[PDB]
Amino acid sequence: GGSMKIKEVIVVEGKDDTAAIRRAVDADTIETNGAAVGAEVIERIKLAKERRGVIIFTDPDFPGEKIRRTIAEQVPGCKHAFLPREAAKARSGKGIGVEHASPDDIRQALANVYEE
C-alpha cells in the first residue's frame, strides 16, 4: 500500500506532465504550456505559492529549464524538483521527460525538495 500526497501546487509544462504526476502522487498541478506565460497564470501561481507553496517540475533540457527560470523570476520563493540523475538521462527509460518518468522517480524528485 502507501501513497504520497503533496501539499504544494506543482507547476508543469503540459497535460502529459500532469498525467505522469497523478500516476505517482495525489497533487494539484498548474500547466504553463510553455515559457510565454500570461499574467493571469503567474497570478494563480503566486496565490498558490503564498497559500500552499509551489514546486516547479520541468524537463531537464533547454525548453524545460527556460520555463523553470521564467517562473522562478516572476514568482519568488518557488521550490524546484528535479528527476534523479539516472532518470534524467536520455538513454535510460523512455527519455529525459517528466511525462515519461516512473512513479517512484517522480516521488523521489518531489521528496528531494524537503529537508527531512
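One-based numbering along the sequence shown.
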**Request:** Check the entry's C-alpha temperature factors for 54-62 and 31-39, then say which stretch has the higher mean.
**Result:** 31-39
**Asked** So which stretch wins on mean C-alpha B-factor, 18-26 or 90-98?
**Response** 90-98
**Message:** Per the entry's values, where does residue 83 land by CA temperature factor relative to the rest of its chain, in the lowest, middle or highest third?
**Reply:** middle
**Message:** Splitting the chain's C-alpha B-factors into thirds, which one does residue 67 fall into?
**Reply:** lowest
